[PDB]
Amino acid sequence: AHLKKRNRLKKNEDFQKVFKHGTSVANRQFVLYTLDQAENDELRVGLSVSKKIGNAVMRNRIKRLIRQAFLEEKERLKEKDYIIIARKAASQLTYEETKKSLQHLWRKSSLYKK
């Protein structure tokens, strides 16, 4: 299906809080930010995509691939606030490549239950 509204990070303040007071990891295609939520009975994902990737269709495409990867792995992951930044290198990735890159970041950040 699609990643639910519950599982998406919206408010501008919510993003800023993650960047400022939260833990960070990065690889070649992605930067992953994690912020612990006491009150999160559920996982939330927010996305930032560089203007460097210049096709709105492409930015949308990568964004969708990231959401799907999160949706698939959701049960496995701890309930927290995530922000994913997509680098220019992330631009041509397939879903399996995107999933693999994120999975590597998730493992590195110890975000896997249980």
# chains A, B, ... in the order shown; residues from 1 in each chain; ligands from 1
$ residues_around --residues "residue 111 (chain A)" --least-positions-apart "3" --cutoff "9 Å" --atoms "only C-alpha atoms" --output "PyMOL selection string"
chain A and resi 34+76-80+105-108
$ residues_around --residues "residue 2 (chain A)" --least-positions-apart "4" --cutoff "12 Å" --atoms "only C-alpha atoms" --output "PyMOL selection string"
chain A and resi 6-8+64-72+74
$ write_last_selection --atoms "N, CA, C and O atoms" --output "short mmCIF file (atom, residue, chain, number, x, y, z; two decimals), in the first residue's frame"
data_model
loop_
_atom_site.label_atom_id
_atom_site.label_comp_id
_atom_site.auth_asym_id
_atom_site.auth_seq_id
_atom_site.Cartn_x
_atom_site.Cartn_y
_atom_site.Cartn_z
N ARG A 6 -0.08 8.61 9.62
CA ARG A 6 0.41 8.43 10.97
C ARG A 6 1.92 8.26 10.95
O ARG A 6 2.61 8.68 11.86
N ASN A 7 2.42 7.64 9.89
CA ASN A 7 3.82 7.27 9.81
C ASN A 7 4.68 8.30 9.08
O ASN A 7 5.83 8.04 8.75
N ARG A 8 4.13 9.48 8.86
CA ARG A 8 4.84 10.52 8.14
C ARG A 8 5.07 11.74 9.00
O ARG A 8 4.25 12.09 9.83
N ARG A 64 9.36 8.31 -3.12
CA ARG A 64 8.48 7.15 -3.08
C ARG A 64 9.22 5.87 -2.73
O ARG A 64 8.73 5.06 -1.97
N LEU A 65 10.40 5.70 -3.30
CA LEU A 65 11.20 4.52 -3.02
C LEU A 65 11.59 4.46 -1.54
O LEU A 65 11.56 3.40 -0.94
N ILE A 66 11.95 5.60 -0.96
CA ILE A 66 12.28 5.68 0.45
C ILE A 66 11.08 5.34 1.35
O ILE A 66 11.24 4.65 2.33
N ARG A 67 9.91 5.85 1.00
CA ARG A 67 8.70 5.58 1.76
C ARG A 67 8.31 4.11 1.73
O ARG A 67 7.90 3.56 2.74
N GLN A 68 8.42 3.50 0.56
CA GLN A 68 8.14 2.09 0.39
C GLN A 68 9.09 1.22 1.18
O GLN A 68 8.69 0.21 1.74
N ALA A 69 10.36 1.60 1.21
CA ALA A 69 11.35 0.86 1.96
C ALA A 69 11.04 0.90 3.45
O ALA A 69 11.14 -0.11 4.12
N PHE A 70 10.65 2.07 3.95
CA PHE A 70 10.21 2.20 5.32
C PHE A 70 8.93 1.42 5.59
O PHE A 70 8.81 0.79 6.62
N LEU A 71 7.99 1.46 4.66
CA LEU A 71 6.73 0.75 4.85
C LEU A 71 6.96 -0.74 4.97
O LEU A 71 6.33 -1.39 5.77
N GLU A 72 7.85 -1.29 4.15
CA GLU A 72 8.18 -2.70 4.19
C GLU A 72 8.84 -3.15 5.49
O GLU A 72 8.54 -4.21 6.00
N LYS A 74 8.72 -1.66 8.41
CA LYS A 74 8.19 -0.89 9.51
C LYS A 74 8.07 -1.67 10.81
O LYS A 74 8.40 -1.16 11.86
#
$ closest_residue --among "A:35, A:90, A:45, A:26" --to "residue 5 (chain A)" --atoms "only C-alpha atoms"
A:45
$ closest_residue --among "A:52, A:30, A:104, A:46" --to "residue 9 (chain A)" --atoms "only C-alpha atoms"
A:46
$ atom_distance --atom1 "CA of residue 114 (chain A)" --atom2 "CA of residue 4 (chain A)"
22.6 Å
